[PDB]
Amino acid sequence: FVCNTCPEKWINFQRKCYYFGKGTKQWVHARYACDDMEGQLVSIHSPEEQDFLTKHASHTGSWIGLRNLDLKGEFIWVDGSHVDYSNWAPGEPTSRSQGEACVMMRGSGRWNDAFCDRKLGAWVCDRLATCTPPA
């Protein structure tokens, strides 16, 4: 069981593929853009995964798959999974009480809560890597 094959223009890390996309998008349109590529906005679940993303991240910032779902107060990844790993900037997301709901990744890799209608130049998609057959 060796799964590290990724489509063209995707970078592998462990058992996932990652797409570092470009072009100005609001969070909801970045979300559609990943769905359109048979993926989804990235979910982050370890220090190791964050390291990898931080290395390939855009300095101008980028959308990730975490949002304050239906403004209920709890942050959930687009794939349905809960927050275990977190890499918040200092004070975040408590200092964000003016209606910020969508989470972006800075150049430093740190997460900050943003207004969902903010237009960012970058956004990250993920998906499972495919495996080479028992050959």
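Numbering starts at 1 and follows the sequence shown.
Return whichever of 89-97 and 69-77 has the greater mean Cα B factor according to the PDB record.
If you average the C-alpha B-factors of 89-97 and of 69-77, the larger mean comes out for 89-97.
78-86 versus 53-61: which one carries the higher mean Cα B factor per the record?
Higher mean C-alpha B-factor in the PDB entry: 53-61.
Please rank the C-alpha B-factors of the chain's modelled residues and tell me whether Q26 sits in the lowest, middle or highest third.
Its C-alpha B-factor belongs to the lowest third of this chain's values.
Can you work out whether the C-alpha temperature factor of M37 puts it in the lowest, middle or highest third of the chain?
According to the entry, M37 has a C-alpha B-factor in the chain's highest third.
Sorting the chain's CA B-factors, does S46 end up in the lowest, middle or highest third?
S46: CA B-factor falls in the middle third of its chain.
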